[PDB]
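1. Generate a structure from the sequence data that follows.
(chains A and B)
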Amino acid sequence: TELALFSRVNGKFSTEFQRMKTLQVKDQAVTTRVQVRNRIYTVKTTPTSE
Amino acid sequence: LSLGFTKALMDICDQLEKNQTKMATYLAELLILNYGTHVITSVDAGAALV
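-> Numbers count the residues shown, from 1 in each chain, chains lettered A, B, ... in the order given. Let me share the structure:
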């Protein structure tokens, strides 16, 4: 704002507002599942055992 | 025939010879349980992977 009256009385009025905003969200979800199953032998009793 | 299979068969034969069909059938079912239904005459040795 600038106001000059009678070419003698001067006035100035400078007003500034400034807002800055920042947001960051970061999500990580790692899931891991390992499953090993070995079956080597099948052992049975002889039918003629005691 | 193997020794054990022959022995089980002889036991069933003797039980039948004793005119006792009750434990004869029980002994036969035991034979089925111990030696299964079929006899494998041919296999294919090998391996597989998926």
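2. contacts and neighbour counts: CA atoms only from here.
-> Will do.
3. Would you map the helices across chain B?
-> Chain-ordered helices for chain B, with DSSP state H as the definition, fall at B:3-17, B:21-35.
4. could the ones you listed be laid out in a markdown table, adding mean neighbour count?
-> Conversion of the helices of chain B to a markdown table gives the following (neighbours: other Cα atoms under 10 Å in any protein chain shown):
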| stretch | mean neighbour count |
| --- | --- |
| helix B:3-17 | 14 |
| helix B:21-35 | 14 |
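5. Out of the ones you listed, flag the one nearest residue A:14.
-> Residue A:14 sits nearest to helix B:21-35 of all these, at 102.6 Å, using Cα to Cα.
6. Kindly calculate the angle that the closest one makes with helix B:3-17.
-> On the basis of axes from the mean of the first three to the mean of the last three Cα atoms, to 10 degrees, helix B:21-35 is oriented at 170 degrees to helix B:3-17.
7. then helix B:21-35 to CSV, C-alphas only?
-> Taking only C-alpha atoms (Å, rounded to 0.1, in the frame of the first residue of the first chain), the coordinates of helix B:21-35 have been written out as CSV:
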residue,chain,number,x,y,z
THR,B,21,-11.8,-121.1,9.6
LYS,B,22,-12.0,-118.4,12.2
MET,B,23,-8.4,-117.6,12.9
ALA,B,24,-7.7,-118.7,9.4
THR,B,25,-9.3,-115.6,8.1
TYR,B,26,-7.7,-113.5,10.8
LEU,B,27,-4.3,-114.8,9.8
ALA,B,28,-5.1,-114.1,6.2
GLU,B,29,-6.0,-110.5,7.0
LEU,B,30,-2.7,-110.2,8.9
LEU,B,31,-1.0,-111.5,5.8
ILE,B,32,-2.7,-108.7,3.8
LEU,B,33,-1.7,-106.1,6.3
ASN,B,34,2.0,-107.2,6.4
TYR,B,35,2.5,-107.8,2.7
